[PDB]
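> One structure coming up, written as structure tokens, with questions to follow.
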Amino acid sequence: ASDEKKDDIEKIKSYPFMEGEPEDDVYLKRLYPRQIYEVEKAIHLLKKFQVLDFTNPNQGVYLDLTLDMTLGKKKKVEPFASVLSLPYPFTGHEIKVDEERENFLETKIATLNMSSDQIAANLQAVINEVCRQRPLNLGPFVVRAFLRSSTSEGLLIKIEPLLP
Amino acid sequence: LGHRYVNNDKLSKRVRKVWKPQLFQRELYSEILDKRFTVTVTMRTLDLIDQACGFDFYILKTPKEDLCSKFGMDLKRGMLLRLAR
Amino acid sequence: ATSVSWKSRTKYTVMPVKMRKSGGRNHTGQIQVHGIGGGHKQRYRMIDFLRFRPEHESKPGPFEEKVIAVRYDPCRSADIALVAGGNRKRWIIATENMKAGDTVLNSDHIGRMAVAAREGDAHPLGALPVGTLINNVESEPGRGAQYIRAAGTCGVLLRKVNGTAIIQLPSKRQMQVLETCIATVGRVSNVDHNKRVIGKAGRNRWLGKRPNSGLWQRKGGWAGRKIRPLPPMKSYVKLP
Amino acid sequence: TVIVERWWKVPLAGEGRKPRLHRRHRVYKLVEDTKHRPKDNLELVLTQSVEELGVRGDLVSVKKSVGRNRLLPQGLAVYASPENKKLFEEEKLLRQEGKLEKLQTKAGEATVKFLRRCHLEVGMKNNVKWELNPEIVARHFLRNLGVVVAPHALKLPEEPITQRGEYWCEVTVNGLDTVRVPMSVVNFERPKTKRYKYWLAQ
Amino acid sequence: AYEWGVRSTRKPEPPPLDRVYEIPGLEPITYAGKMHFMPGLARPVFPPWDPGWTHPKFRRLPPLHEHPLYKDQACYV
RNA sequence: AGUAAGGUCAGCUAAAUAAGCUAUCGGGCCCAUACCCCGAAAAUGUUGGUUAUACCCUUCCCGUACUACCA
RNA sequence: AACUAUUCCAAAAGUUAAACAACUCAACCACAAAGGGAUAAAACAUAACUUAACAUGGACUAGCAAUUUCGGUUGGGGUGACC
RNA sequence: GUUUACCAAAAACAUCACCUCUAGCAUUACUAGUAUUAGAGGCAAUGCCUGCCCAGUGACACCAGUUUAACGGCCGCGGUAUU
RNA sequence: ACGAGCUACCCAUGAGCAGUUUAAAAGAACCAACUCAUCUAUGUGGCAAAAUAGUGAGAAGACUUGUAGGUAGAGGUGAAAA
Ligand SMILES: [K+]
Ligand SMILES: [K+]
Ligand SMILES: [K+]
Ligand SMILES: [K+]
Ligand SMILES: [K+]
Ligand SMILES: [K+]
Ligand SMILES: [Mg+2]
Ligand SMILES: [Mg+2]
Ligand SMILES: [Mg+2]
Ligand SMILES: [Mg+2]
Ligand SMILES: [Mg+2]
Ligand SMILES: [Mg+2]
Ligand SMILES: [Mg+2]
Ligand SMILES: [Mg+2]
Ligand SMILES: [Mg+2]
Ligand SMILES: [Mg+2]
Ligand SMILES: [Mg+2]
Ligand SMILES: [Mg+2]
Ligand SMILES: [Mg+2]
Ligand SMILES: [Mg+2]
Ligand SMILES: [Mg+2]
Ligand SMILES: [Mg+2]
Ligand SMILES: [Mg+2]
Ligand SMILES: [Mg+2]
Ligand SMILES: [Mg+2]
Ligand SMILES: [Mg+2]
Ligand SMILES: [Mg+2]
Ligand SMILES: [Mg+2]
Ligand SMILES: [Mg+2]
Ligand SMILES: [Mg+2]
Ligand SMILES: [Mg+2]
Ligand SMILES: [Mg+2]
Ligand SMILES: [Mg+2]
Ligand SMILES: [Mg+2]
Ligand SMILES: [Mg+2]
Ligand SMILES: [Mg+2]
Ligand SMILES: [Mg+2]
Ligand SMILES: [Mg+2]
Ligand SMILES: [Mg+2]
């Protein structure tokens, strides 16, 4: 494991984050850290953002996961592609890997019009699927999660409870 | 003023060494006298000023043995007479 | 014991002033520069380096002066010329062919097109033509002439870009300077000072140079023909 | 300030007597230098609101160099002495009892400053009919200007908008400061396409 | 320009005043009481010397404009 | 005198896997010679000891080399 | 070592800050663009750079220079040899 | 011309000449000067000349590299025209 | 700590070089004052802790010389004789 990417993993972990909407009704995203964590709220917000930013109801949610696919031992593990079919496939899918190996993966989850319960269930399957490559408990495998739609930005999913 | 050992080894050469404080040029404001003095101060003096929460507090709280400056004693005497009078 | 420098005169005067030799001894009294001492007694002439200097501030316009005589100055290797105008006289460095009964124009008005370059006129570098030979270069506006004053030394203007002039010093080193600095057109007088031949060891003693020491020093690594690239241009323009 | 200790031990003198000092007791060694330490921060109470720091009467742990050079000499802040803190704490009680602070939090003041000079691009797609409501307008702040806006805070001019144009939006922070920001409704563009067309070209 | 004075040859400026004179409302302690120099005591500041009775030789030269025949117009002699 | 130090095909070099070039011998090309192309032969100064030899040591022999100073 | 000169780091002073690689295969839209098939996060938990003259601490290079010695036996010492 | 005053007055040192090297510039030296200038050195007028060599060392460049009017260097063995 | 009243060099301020030969005040020439000290002989506790006698080199210059000041031992000064 190179020390350059170890610094990157330390940097992303050091990014501040806070729970809930602050006291100020209107505030800058620069001034206050990320607030949106709930998966159910995030899925509803993406559907809401579809109404706010009027587009097609069907949108492919290409989730970005800042997965810690490194720092198992002093020698880094190699990328692979584990294929596991989702319980609610969108209308076996390969798990692609970053060309730059910057510890982030872009894998489609499901369509926007799918219910939040099914999409969240697909998310839980993805979390277990990606960790199958290195299921060891020596080092954490997931650092941050960012769920973005086709016409929306990602949200910092509170993925820590869903890790086990 | 003192000596030192090169490479911090006892069996090495004995060398005369002089350590000098780093001096800075600052102008300070005193509320009692309402005048600005351009005084050669050190980083430790500024830390003591912040520790005492005031330039006037630093002069009036630190004793003679802690100040070790005739300008400081005269500065204290000027302000001490200001309060009493 | 601390000594006192002879440079105590405060008011400018054309007449020669008394001068005391040093001999390489600093104010303390120890030798600092060797091979100096025992020269012929000399008098110093007060040389006015700043070419543009009006008599009064009431009329800051350009003025024209007249050359009276060209004399020999023991201190410098060039020839100085007496110049009178208005109610004052000045000793200024004479160019290659300055003679008696001649008129010299001093000006600072930077004109757009050009100004004809005469052999004695002093004009700012912004108004001189591109291909002009200059001497008595003023490094900064109002500072005075410091560069190019030896006998036969002349610098050549190169180009004027974004209101800034670039000149070539006699050492073939480019120098950048603001175009408003005053400079003199021409070559410094006494052109054949380099071709002068000293006939005997005594003539060196008359000039004031003592003989070198007799210690035999083996040459080190510093010696030998060194080929080095020209250093970059020296610029006195302060970029904000 | 240097800190040194003697190489050779000094014999004791326990009756309040000055000990005997020898030449070998002059040999020091540098154990630590105070200028090489990672220096701390200085906490100060602000007596006037700063552009990027907190507001009038707030606690900020600013850098030590800044406090002694521009904050304290200019009167923008005062030393955070324990006696000085309670003066501001008691001062807050008077205003907040009757809701008279109107000073905003440390970030709240910066929100006003940014919104004073800002422009929002409300990108709408004409392929489907769109109606602008305060919930929609708050979305564009988060994406374009990076501003999180409460849905109730926005006060639209109450005129339904169905075509692109120029309008105004009223933004209120903490119910104390009201800011009227320019509104620019233009056709929506994909940021990947938008940045390619304009930023990459120019 | 190039002024013709030299720092060493020119008369030195007066030494800086002692720090005691800078403290408002504080009478300095000087050695003027013992009318001789003493280390550790502040240097006194004296008013300009004013001889009650004028002396011809030892007085300062009067200014040129003090002469009754002084005139603003510049005459050349 | 002492010390240093070397010998290898006819010759000069490099390796101890005794090779490379040239010379020598035989053949081809040309009117003939040389060049050139092709093929073959050829050695570890000497004695002894180095598992056994060779690069090593020893003995013999030739030749090379430095130094021989203060009074 | 000091000292002189060269270079780096630290101290000190100051300056600026919230960010870029689509391409429509279908197809909406009179345009300009659009929607489906991604438009993230992040910049760094401060960061980056400059700093005249003086000047402190810790290193690098060079100049100059400081401290101290230069074994023994030997048919006199050196040389060769020996311990 | 100069030197070991008090055992060496010289073939030694200096010297006109030639050449190399380092420096773009202000209030006490150099200098009240500014590269035809001023320092750190070598060799000795003039005349004819100053050959080859950057491997090593040193210096510069501070990287490749460049420098000997920088310190310094500037070859063996064997055969071959009657002798 | 004290010493540049001798000596090495320099900064001030002064003072000397007659005759002779040459368009010459030319680091030219003959020869005094003057300044150095080549060779030999006396002298060797001597007149002298470096001299006397004879003989010599320069003698308008990089020359002699008076007064006074400056540089001080890890240094000063030096047409290098340590
Ligand atoms: K001259
Ligand atoms: K014997
Ligand atoms: K002689
Ligand atoms: K070389
Ligand atoms: K003296
Ligand atoms: K006598
Ligand atoms: Mg001169
Ligand atoms: Mg010379
Ligand atoms: Mg010599
Ligand atoms: Mg006891
Ligand atoms: Mg240091
Ligand atoms: Mg010792
Ligand atoms: Mg020995
Ligand atoms: Mg012995
Ligand atoms: Mg013997
Ligand atoms: Mg031996
Ligand atoms: Mg002679
Ligand atoms: Mg002698
Ligand atoms: Mg003599
Ligand atoms: Mg003699
Ligand atoms: Mg020649
Ligand atoms: Mg010759
Ligand atoms: Mg010679
Ligand atoms: Mg010779
Ligand atoms: Mg040669
Ligand atoms: Mg080379
Ligand atoms: Mg004397
Ligand atoms: Mg005569
Ligand atoms: Mg003569
Ligand atoms: Mg005699
Ligand atoms: Mg005699
Ligand atoms: Mg006789
Ligand atoms: Mg004679
Ligand atoms: Mg003669
Ligand atoms: Mg003394
Ligand atoms: Mg010495
Ligand atoms: Mg001499
Ligand atoms: Mg010698
Ligand atoms: Mg000797």
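Residues are referred to by chain and number: the chain letter is A, B, ... according to the order shown in the structure tokens, the number counts from 1 in that chain, and ligands are numbered separately from 1 in the order shown.
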Taking the DSSP assignment computed from this structure's backbone, write out as a count of residues only all residues of range 70-136 of chain A that belong to helix (DSSP H, G or I).
15
> What residues in chain E have any atom no more than 12 Å from chain B when counting only C-alpha atoms, and can you write them as a PyMOL selection string?
chain E and resi 18-29+40-41
> Which protein, DNA or RNA residues have an atom within 12 Å of ligand 10, counting only C-alpha atoms (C1' of nucleotides) and all ligand atoms, as a PyMOL selection string?
chain D and resi 12-17
> Within 6 Å of range 1-16 of chain B, counting only C-alpha atoms (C1' of nucleotides), which residues qualify if same-chain residues fewer than 3 places away don't, as a PDB file with C-alpha atoms (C1' of nucleotides), in the first residue's frame?

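Full text of out03.pdb as output:
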```
ATOM      1  CA  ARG D  26      28.931  25.556  32.267  1.00  0.00           C
ATOM      2  CA  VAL D  27      28.619  22.827  29.607  1.00  0.00           C
ATOM      3  CA  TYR D  28      25.021  23.036  28.373  1.00  0.00           C
TER       4      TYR D  28
ATOM      5  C1'   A G   1      34.640  25.625  16.482  1.00  0.00           C
TER       6        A G   1
END
```
> From a DSSP pass on the backbone, collect the residues of chain D flagged as strand (DSSP E or B) and hand them back as a ChimeraX atom specification.
/D:2-6,27-33,41-46,59-63,77-79,120-124,147-149,155,165-173,177-187
> Hey, which residues sit close to ligand 20? Say within 10 Å, counting only C-alpha atoms (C1' of nucleotides) and all ligand atoms, and write them as a list in words.
residues 4, 7, 8 and 9 of chain H; 37 and 38 of chain I
> Could you list, as a PDB file with N, CA and C atoms (P, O5', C5', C4', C3', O3' and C1' of nucleotides), in the first residue's frame, every residue within 12 Å of residue 4 in chain E, counting only C-alpha atoms (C1' of nucleotides) and ignoring same-chain residues fewer than 4 positions away?

```pdb
ATOM      1  N   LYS C   7      36.676  64.928   2.580  1.00  0.00           N
ATOM      2  CA  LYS C   7      35.487  65.312   1.820  1.00  0.00           C
ATOM      3  C   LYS C   7      34.509  66.038   2.744  1.00  0.00           C
ATOM      4  N   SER C   8      34.896  67.250   3.135  1.00  0.00           N
ATOM      5  CA  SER C   8      34.108  68.039   4.069  1.00  0.00           C
ATOM      6  C   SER C   8      33.395  69.219   3.428  1.00  0.00           C
ATOM      7  N   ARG C   9      33.713  69.559   2.183  1.00  0.00           N
ATOM      8  CA  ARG C   9      33.082  70.704   1.541  1.00  0.00           C
ATOM      9  C   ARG C   9      31.603  70.438   1.299  1.00  0.00           C
ATOM     10  N   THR C  10      30.777  71.444   1.582  1.00  0.00           N
ATOM     11  CA  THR C  10      29.332  71.328   1.449  1.00  0.00           C
ATOM     12  C   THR C  10      28.766  72.066   0.247  1.00  0.00           C
ATOM     13  N   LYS C  11      29.353  73.195  -0.138  1.00  0.00           N
ATOM     14  CA  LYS C  11      28.850  74.001  -1.240  1.00  0.00           C
ATOM     15  C   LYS C  11      29.654  73.736  -2.505  1.00  0.00           C
ATOM     16  N   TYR C  12      28.948  73.581  -3.622  1.00  0.00           N
ATOM     17  CA  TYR C  12      29.605  73.358  -4.901  1.00  0.00           C
ATOM     18  C   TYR C  12      30.379  74.600  -5.325  1.00  0.00           C
ATOM     19  N   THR C  13      31.560  74.383  -5.897  1.00  0.00           N
ATOM     20  CA  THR C  13      32.379  75.476  -6.401  1.00  0.00           C
ATOM     21  C   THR C  13      33.258  74.958  -7.531  1.00  0.00           C
ATOM     22  N   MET C  46      35.214  69.878  -8.500  1.00  0.00           N
ATOM     23  CA  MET C  46      33.849  69.474  -8.181  1.00  0.00           C
ATOM     24  C   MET C  46      33.084  69.221  -9.475  1.00  0.00           C
ATOM     25  N   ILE C  47      32.778  67.955  -9.753  1.00  0.00           N
ATOM     26  CA  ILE C  47      32.139  67.549 -11.000  1.00  0.00           C
ATOM     27  C   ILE C  47      30.641  67.419 -10.770  1.00  0.00           C
ATOM     28  N   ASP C  48      29.854  68.091 -11.606  1.00  0.00           N
ATOM     29  CA  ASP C  48      28.398  68.035 -11.524  1.00  0.00           C
ATOM     30  C   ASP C  48      27.906  66.909 -12.425  1.00  0.00           C
ATOM     31  N   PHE C  49      27.517  65.787 -11.817  1.00  0.00           N
ATOM     32  CA  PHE C  49      27.084  64.629 -12.594  1.00  0.00           C
ATOM     33  C   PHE C  49      25.691  64.824 -13.180  1.00  0.00           C
TER      34      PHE C  49
ATOM     35  N   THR E   9      31.873  63.628   8.023  1.00  0.00           N
ATOM     36  CA  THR E   9      32.384  64.984   8.188  1.00  0.00           C
ATOM     37  C   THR E   9      31.350  65.915   8.805  1.00  0.00           C
ATOM     38  N   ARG E  10      30.070  65.705   8.512  1.00  0.00           N
ATOM     39  CA  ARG E  10      29.036  66.568   9.057  1.00  0.00           C
ATOM     40  C   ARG E  10      28.911  66.373  10.564  1.00  0.00           C
TER      41      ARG E  10
ATOM     42  P     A H  26      25.187  52.081  -5.817  1.00  0.00           P
ATOM     43  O5'   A H  26      25.873  52.994  -4.707  1.00  0.00           O
ATOM     44  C5'   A H  26      27.040  52.543  -4.029  1.00  0.00           C
ATOM     45  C4'   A H  26      27.667  53.622  -3.178  1.00  0.00           C
ATOM     46  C3'   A H  26      26.773  54.211  -2.085  1.00  0.00           C
ATOM     47  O3'   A H  26      27.550  54.460  -0.915  1.00  0.00           O
ATOM     48  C1'   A H  26      27.561  55.941  -3.487  1.00  0.00           C
ATOM     49  P     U H  27      26.922  54.179   0.537  1.00  0.00           P
ATOM     50  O5'   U H  27      26.552  55.628   1.081  1.00  0.00           O
ATOM     51  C5'   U H  27      26.977  56.053   2.371  1.00  0.00           C
ATOM     52  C4'   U H  27      28.264  56.837   2.301  1.00  0.00           C
ATOM     53  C3'   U H  27      28.528  57.758   3.488  1.00  0.00           C
ATOM     54  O3'   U H  27      29.933  57.852   3.711  1.00  0.00           O
ATOM     55  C1'   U H  27      28.392  59.042   1.513  1.00  0.00           C
ATOM     56  P     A H  32      39.184  60.011  -4.039  1.00  0.00           P
ATOM     57  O5'   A H  32      38.492  60.640  -5.328  1.00  0.00           O
ATOM     58  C5'   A H  32      37.559  61.702  -5.210  1.00  0.00           C
ATOM     59  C4'   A H  32      36.180  61.194  -4.872  1.00  0.00           C
ATOM     60  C3'   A H  32      35.053  61.679  -5.770  1.00  0.00           C
ATOM     61  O3'   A H  32      34.944  60.920  -6.959  1.00  0.00           O
ATOM     62  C1'   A H  32      34.422  61.924  -3.507  1.00  0.00           C
TER      63        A H  32
END
```
> Taking only C-alpha atoms (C1' of nucleotides) and all ligand atoms into account, which residues have an atom no farther than 12 Å from ligand 16? I'd like them as a PyMOL selection string.
(chain F and resi 3) or (chain G and resi 74+78-82)
> In Å, with one decimal, what is the gap from CA of residue 55 in chain D to CA of residue 100 in chain D?
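So the answer is 14.4 Å.
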> Near residue 151 in chain A, counting only C-alpha atoms (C1' of nucleotides), which residues have an atom at most 12 Å away, once you skip same-chain residues fewer than 4 positions from it, shown as a ChimeraX atom specification?
/A:45-62,112,147 /D:123-125,139,143,188-192 /G:35-40
> Could you report the residues within 10 Å of ligand 34, using only C-alpha atoms (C1' of nucleotides) and all ligand atoms, as a PDB file with N, CA, C and O atoms (P, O5', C5', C4', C3', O3' and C1' of nucleotides), in the first residue's frame?

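Final file, result-v7.pdb:
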```pdb
ATOM      1  P     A I  28      69.092  57.157 -15.170  1.00  0.00           P
ATOM      2  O5'   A I  28      69.289  57.147 -16.748  1.00  0.00           O
ATOM      3  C5'   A I  28      69.255  58.354 -17.497  1.00  0.00           C
ATOM      4  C4'   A I  28      70.194  58.300 -18.675  1.00  0.00           C
ATOM      5  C3'   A I  28      71.660  58.566 -18.375  1.00  0.00           C
ATOM      6  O3'   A I  28      72.340  57.446 -17.840  1.00  0.00           O
ATOM      7  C1'   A I  28      71.013  59.840 -20.241  1.00  0.00           C
ATOM      8  P     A I  29      73.422  57.651 -16.669  1.00  0.00           P
ATOM      9  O5'   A I  29      74.605  58.454 -17.372  1.00  0.00           O
ATOM     10  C5'   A I  29      75.368  57.860 -18.411  1.00  0.00           C
ATOM     11  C4'   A I  29      76.457  58.780 -18.905  1.00  0.00           C
ATOM     12  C3'   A I  29      77.386  59.351 -17.847  1.00  0.00           C
ATOM     13  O3'   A I  29      78.396  58.439 -17.454  1.00  0.00           O
ATOM     14  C1'   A I  29      76.704  61.074 -19.309  1.00  0.00           C
ATOM     15  P     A I  57      82.787  53.203  -9.407  1.00  0.00           P
ATOM     16  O5'   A I  57      81.217  53.149  -9.147  1.00  0.00           O
ATOM     17  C5'   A I  57      80.476  51.978  -9.448  1.00  0.00           C
ATOM     18  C4'   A I  57      79.097  52.024  -8.842  1.00  0.00           C
ATOM     19  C3'   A I  57      78.318  53.312  -9.048  1.00  0.00           C
ATOM     20  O3'   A I  57      77.719  53.411 -10.327  1.00  0.00           O
ATOM     21  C1'   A I  57      78.178  52.679  -6.789  1.00  0.00           C
ATOM     22  P     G I  58      77.630  54.836 -11.063  1.00  0.00           P
ATOM     23  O5'   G I  58      76.386  55.549 -10.371  1.00  0.00           O
ATOM     24  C5'   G I  58      75.071  55.049 -10.555  1.00  0.00           C
ATOM     25  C4'   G I  58      74.110  55.613  -9.540  1.00  0.00           C
ATOM     26  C3'   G I  58      73.868  57.112  -9.599  1.00  0.00           C
ATOM     27  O3'   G I  58      72.950  57.496 -10.607  1.00  0.00           O
ATOM     28  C1'   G I  58      74.272  56.482  -7.370  1.00  0.00           C
ATOM     29  P     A I  59      73.243  58.789 -11.517  1.00  0.00           P
ATOM     30  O5'   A I  59      73.307  59.995 -10.477  1.00  0.00           O
ATOM     31  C5'   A I  59      72.144  60.437  -9.793  1.00  0.00           C
ATOM     32  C4'   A I  59      72.492  61.364  -8.656  1.00  0.00           C
ATOM     33  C3'   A I  59      73.053  62.722  -9.048  1.00  0.00           C
ATOM     34  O3'   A I  59      72.037  63.654  -9.368  1.00  0.00           O
ATOM     35  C1'   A I  59      74.403  61.768  -7.361  1.00  0.00           C
TER      36        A I  59
END
```
> Kindly give the distance, in Å, that separates CA of residue 228 in chain C and CA of residue 149 in chain C, rounded to a single decimal.
26.0 Å
> Can you pull out every residue with an atom within 8 Å of ligand 15? Use only C-alpha atoms (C1' of nucleotides) and all ligand atoms and format it as a ChimeraX atom specification.
/G:74-77
> Based on the selection just made, write N, CA and C atoms (P, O5', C5', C4', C3', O3' and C1' of nucleotides) of those residues as a PDB file, in the first residue's frame.

```
ATOM      1  P     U G  74      68.623  -2.515  20.395  1.00  0.00           P
ATOM      2  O5'   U G  74      68.850  -3.362  19.071  1.00  0.00           O
ATOM      3  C5'   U G  74      70.038  -3.205  18.309  1.00  0.00           C
ATOM      4  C4'   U G  74      69.779  -3.386  16.838  1.00  0.00           C
ATOM      5  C3'   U G  74      70.900  -2.890  15.935  1.00  0.00           C
ATOM      6  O3'   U G  74      70.954  -3.704  14.767  1.00  0.00           O
ATOM      7  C1'   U G  74      68.928  -1.674  15.476  1.00  0.00           C
ATOM      8  P     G G  75      71.845  -5.042  14.775  1.00  0.00           P
ATOM      9  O5'   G G  75      73.240  -4.558  15.361  1.00  0.00           O
ATOM     10  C5'   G G  75      74.132  -3.773  14.579  1.00  0.00           C
ATOM     11  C4'   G G  75      75.049  -2.953  15.449  1.00  0.00           C
ATOM     12  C3'   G G  75      76.231  -2.320  14.727  1.00  0.00           C
ATOM     13  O3'   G G  75      76.557  -1.084  15.358  1.00  0.00           O
ATOM     14  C1'   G G  75      77.026  -3.797  16.383  1.00  0.00           C
ATOM     15  P     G G  76      76.327   0.298  14.574  1.00  0.00           P
ATOM     16  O5'   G G  76      75.264   1.083  15.458  1.00  0.00           O
ATOM     17  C5'   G G  76      75.596   1.530  16.765  1.00  0.00           C
ATOM     18  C4'   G G  76      75.405   3.018  16.908  1.00  0.00           C
ATOM     19  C3'   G G  76      74.089   3.561  16.388  1.00  0.00           C
ATOM     20  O3'   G G  76      73.021   3.372  17.293  1.00  0.00           O
ATOM     21  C1'   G G  76      75.867   4.938  15.654  1.00  0.00           C
ATOM     22  P     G G  77      71.601   2.893  16.729  1.00  0.00           P
ATOM     23  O5'   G G  77      70.909   4.249  16.270  1.00  0.00           O
ATOM     24  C5'   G G  77      69.830   4.240  15.351  1.00  0.00           C
ATOM     25  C4'   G G  77      69.669   5.581  14.683  1.00  0.00           C
ATOM     26  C3'   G G  77      68.843   5.586  13.408  1.00  0.00           C
ATOM     27  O3'   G G  77      67.452   5.638  13.650  1.00  0.00           O
ATOM     28  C1'   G G  77      70.856   6.760  13.041  1.00  0.00           C
TER      29        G G  77
END
```
> If you count only C-alpha atoms (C1' of nucleotides), which residues fall within 12 Å of range 46-49 of chain H, apart from same-chain ones fewer than 5 positions away, as a PyMOL selection string?
chain H and resi 16-18
> With N, CA, C and O atoms (P, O5', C5', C4', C3', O3' and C1' of nucleotides) retained, could you export that selection as a PDB file, in the first residue's frame?

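Final output, saved to selection.pdb:
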```
ATOM      1  P     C H  16      55.317  47.280 -14.860  1.00  0.00           P
ATOM      2  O5'   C H  16      54.990  47.962 -16.259  1.00  0.00           O
ATOM      3  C5'   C H  16      55.035  49.373 -16.405  1.00  0.00           C
ATOM      4  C4'   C H  16      55.926  49.782 -17.550  1.00  0.00           C
ATOM      5  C3'   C H  16      55.613  49.152 -18.897  1.00  0.00           C
ATOM      6  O3'   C H  16      54.555  49.812 -19.571  1.00  0.00           O
ATOM      7  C1'   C H  16      57.948  49.060 -18.484  1.00  0.00           C
ATOM      8  P     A H  17      53.115  49.115 -19.713  1.00  0.00           P
ATOM      9  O5'   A H  17      53.369  47.918 -20.728  1.00  0.00           O
ATOM     10  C5'   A H  17      53.922  48.160 -22.012  1.00  0.00           C
ATOM     11  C4'   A H  17      54.390  46.881 -22.653  1.00  0.00           C
ATOM     12  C3'   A H  17      53.346  45.788 -22.792  1.00  0.00           C
ATOM     13  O3'   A H  17      52.494  45.972 -23.908  1.00  0.00           O
ATOM     14  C1'   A H  17      55.316  44.869 -21.885  1.00  0.00           C
ATOM     15  P     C H  18      50.914  45.718 -23.764  1.00  0.00           P
ATOM     16  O5'   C H  18      50.783  44.132 -23.735  1.00  0.00           O
ATOM     17  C5'   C H  18      51.210  43.348 -24.838  1.00  0.00           C
ATOM     18  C4'   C H  18      51.347  41.894 -24.467  1.00  0.00           C
ATOM     19  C3'   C H  18      50.127  41.250 -23.832  1.00  0.00           C
ATOM     20  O3'   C H  18      49.143  40.870 -24.776  1.00  0.00           O
ATOM     21  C1'   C H  18      52.049  40.684 -22.586  1.00  0.00           C
TER      22        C H  18
END
```
> Counting only C-alpha atoms (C1' of nucleotides) and all ligand atoms, name the residues that have an atom within 10 Å of an atom of ligand 9; the answer should be given as a PDB file with C-alpha atoms (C1' of nucleotides), in the first residue's frame.

```pdb
ATOM      1  CA  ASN C 212      53.427  44.575  -6.158  1.00  0.00           C
ATOM      2  CA  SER C 213      54.653  42.237  -3.440  1.00  0.00           C
ATOM      3  CA  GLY C 214      57.447  39.792  -4.186  1.00  0.00           C
ATOM      4  CA  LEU C 215      55.823  36.704  -2.675  1.00  0.00           C
ATOM      5  CA  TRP C 216      55.586  33.843  -5.177  1.00  0.00           C
ATOM      6  CA  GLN C 217      52.076  32.360  -5.045  1.00  0.00           C
TER       7      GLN C 217
ATOM      8  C1'   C H  13      62.858  40.544  -5.711  1.00  0.00           C
ATOM      9  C1'   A H  14      60.708  44.717  -8.435  1.00  0.00           C
ATOM     10  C1'   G H  41      47.967  37.080  -9.413  1.00  0.00           C
ATOM     11  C1'   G H  42      51.546  34.976 -13.159  1.00  0.00           C
ATOM     12  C1'   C H  43      55.599  35.880 -16.378  1.00  0.00           C
ATOM     13  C1'   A H  44      59.479  39.741 -17.347  1.00  0.00           C
TER      14        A H  44
ATOM     15  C1'   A I  80      59.698  37.720   0.135  1.00  0.00           C
TER      16        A I  80
END
```
> Can you work out the spacing between CA of residue 87 in chain A and CA of residue 101 in chain A in Å, to one decimal?
27.9 Å
> Neighbours of ligand 35 within 9 Å, counting only C-alpha atoms (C1' of nucleotides) and all ligand atoms, as a PDB file with N, CA and C atoms (P, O5', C5', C4', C3', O3' and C1' of nucleotides), in the first residue's frame?

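Heads up, here's the output in selection_32.pdb:
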```
ATOM      1  P     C I   2      48.202  50.220  28.010  1.00  0.00           P
ATOM      2  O5'   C I   2      49.755  50.508  27.829  1.00  0.00           O
ATOM      3  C5'   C I   2      50.544  50.938  28.927  1.00  0.00           C
ATOM      4  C4'   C I   2      52.007  50.683  28.678  1.00  0.00           C
ATOM      5  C3'   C I   2      52.560  51.248  27.382  1.00  0.00           C
ATOM      6  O3'   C I   2      52.882  52.623  27.476  1.00  0.00           O
ATOM      7  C1'   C I   2      53.262  49.004  27.632  1.00  0.00           C
ATOM      8  P     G I   3      52.882  53.539  26.159  1.00  0.00           P
ATOM      9  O5'   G I   3      54.223  53.124  25.415  1.00  0.00           O
ATOM     10  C5'   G I   3      54.261  53.014  24.004  1.00  0.00           C
ATOM     11  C4'   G I   3      55.550  52.392  23.535  1.00  0.00           C
ATOM     12  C3'   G I   3      55.699  52.258  22.031  1.00  0.00           C
ATOM     13  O3'   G I   3      56.103  53.461  21.409  1.00  0.00           O
ATOM     14  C1'   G I   3      56.256  50.213  23.041  1.00  0.00           C
ATOM     15  P     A I  72      46.739  48.876  15.614  1.00  0.00           P
ATOM     16  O5'   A I  72      48.052  48.068  16.004  1.00  0.00           O
ATOM     17  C5'   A I  72      48.352  46.828  15.377  1.00  0.00           C
ATOM     18  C4'   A I  72      49.084  45.894  16.308  1.00  0.00           C
ATOM     19  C3'   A I  72      48.516  45.800  17.723  1.00  0.00           C
ATOM     20  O3'   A I  72      48.667  44.469  18.208  1.00  0.00           O
ATOM     21  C1'   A I  72      50.767  46.500  17.819  1.00  0.00           C
TER      22        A I  72
END
```
